[PDB]
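**Student:** Provided herewith is a single structure, encoded as structure tokens, for subsequent inquiry.
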Amino acid sequence: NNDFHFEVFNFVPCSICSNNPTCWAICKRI
Amino acid sequence: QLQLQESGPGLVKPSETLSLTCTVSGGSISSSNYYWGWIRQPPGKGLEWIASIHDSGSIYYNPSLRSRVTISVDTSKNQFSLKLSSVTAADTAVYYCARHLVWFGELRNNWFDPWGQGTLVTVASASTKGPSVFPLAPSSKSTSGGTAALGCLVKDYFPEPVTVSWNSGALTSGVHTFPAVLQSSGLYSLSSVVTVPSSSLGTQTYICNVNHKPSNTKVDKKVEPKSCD
Amino acid sequence: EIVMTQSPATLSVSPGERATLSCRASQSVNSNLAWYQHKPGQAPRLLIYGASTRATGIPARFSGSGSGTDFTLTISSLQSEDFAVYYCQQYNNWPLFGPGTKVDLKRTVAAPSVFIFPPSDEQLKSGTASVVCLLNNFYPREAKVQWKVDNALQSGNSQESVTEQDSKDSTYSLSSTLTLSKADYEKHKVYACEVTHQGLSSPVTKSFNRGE
């Protein structure tokens, strides 16, 4: 269990993804 | 400078809910790219993180606690709150609020800087009892050299904690407040002692200020030498 | 499931030498590892993040090194101020902390000063007598405190508590509380507290008679 469980967020705010491409897949602009 | 202050009940009955509030000051929560969280430490166990919340309403959960956690942010009063449902004795702990730096950039950011000072929660099936405060009187038998020892004895209270100051905060050098011990009665008992120049005994007045918050009990006890007859 | 261990659980360190200290992770965590300092009664403080990066405001005496499974936090030229517990925290997936390691200071042995207190008249109104005996500003922490009433030794009716290691002079204090009832506090007359310890060449006995 490593490499960023985004499942433990309710959603992920696009605001803390930086350039992380996997982050930018799930995230949500606000 | 950024500061966090927890506030919440010392005591909560099992099978009920615990709610705490952090009041951040010296910085604004909104707008801000920082998550705001709670960490807890049970007596003689490690730290365990609980949940954090971002101005945007994103919530970062410890999964092992997620089902029981409600966490919210009141951006206007600069306050985020924690609610933990169906508490057990497993939930008695010092609960800290903290600023949670999350970042998934180049160099990950997943830490807490800085923290609040903690608040002790107790989960107990019981009723609050305020302390009885007794003087630890100076005598020839509590002197060594030109220094004398005197103090207060804070007994039979529940739950923790009590704060003890001397002379409403004026005297803080030479003060030793001991960790509370559990008594067979099921209540706590503590003792605060200070060492002072024995030349000053009859002339300086020594008062101990006991404050037991969970029962709105405040006591000031003047400590004089015991009638020596 | 990740799992953080630390060793040693506790560590005594001369003032001035280096305390080298470790964190280990079951699976690997790359360099997603922070270290916190927690002085007692004060708020935790971030020392290092990045597994090597010193947070702003942190002296250069505290450095972190390591990766994957093995990390180490080292405090060169250790001060007495530094006495506290240090936790590591991995953030590979989410925040998990280690058990912590308590860093104690060493110093020269220091004998305690022993004071004794008879019960308040106010408490005797109530039905219980508490006699207190106090060991002030000694080292090391280990100390035998035996009670004697009428040269009669006691058992199971006393309790102690020790303070946190003083962050200035690295000493300890202790209080023993012999709890009796008002009645049998009057059936006896000499209340004595015997102290044995490394700073004393022989045990020492503070005692009082009831009513002086």
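We number each residue from 1, going along the chain as drawn.
Quick check of the header: X-ray crystallography, 2.9 Å.
Backbone N, Cα and C define each Cβ position, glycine as well.
As listed in Swiss-Prot for this protein:
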type: DISULFID; residues: A:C14-A:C27; note: disulfide bond
type: DISULFID; residues: A:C17-A:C23; note: disulfide bond
**Student:** Between the disulfide-bonded residues A:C14, A:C17, A:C23, where is the Cβ count within 10 Å the lowest?
**Tutor:** A:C14
**Student:** Please state whether DSSP places A:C17 (disulfide bond) in a helix, a strand or coil.
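**Tutor:** For A:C17 (disulfide bond) - judged by DSSP and reduced to three states - the answer is coil.
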**Student:** Under 8 Å Cβ-Cβ to chain B, which of the disulfide-bonded residues A:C14, A:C17, A:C27?
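**Tutor:** Checking chain B against the disulfide-bonded residues, the residues within range (Cβ-Cβ under 8 Å) are A:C17.
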**Student:** Under 8 Å between C-beta atoms and at least six apart in sequence, can you list the same-chain neighbours of A:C27 (disulfide bond), or say none if there are none?
**Tutor:** A:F11, A:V12, A:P13, A:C14, A:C17
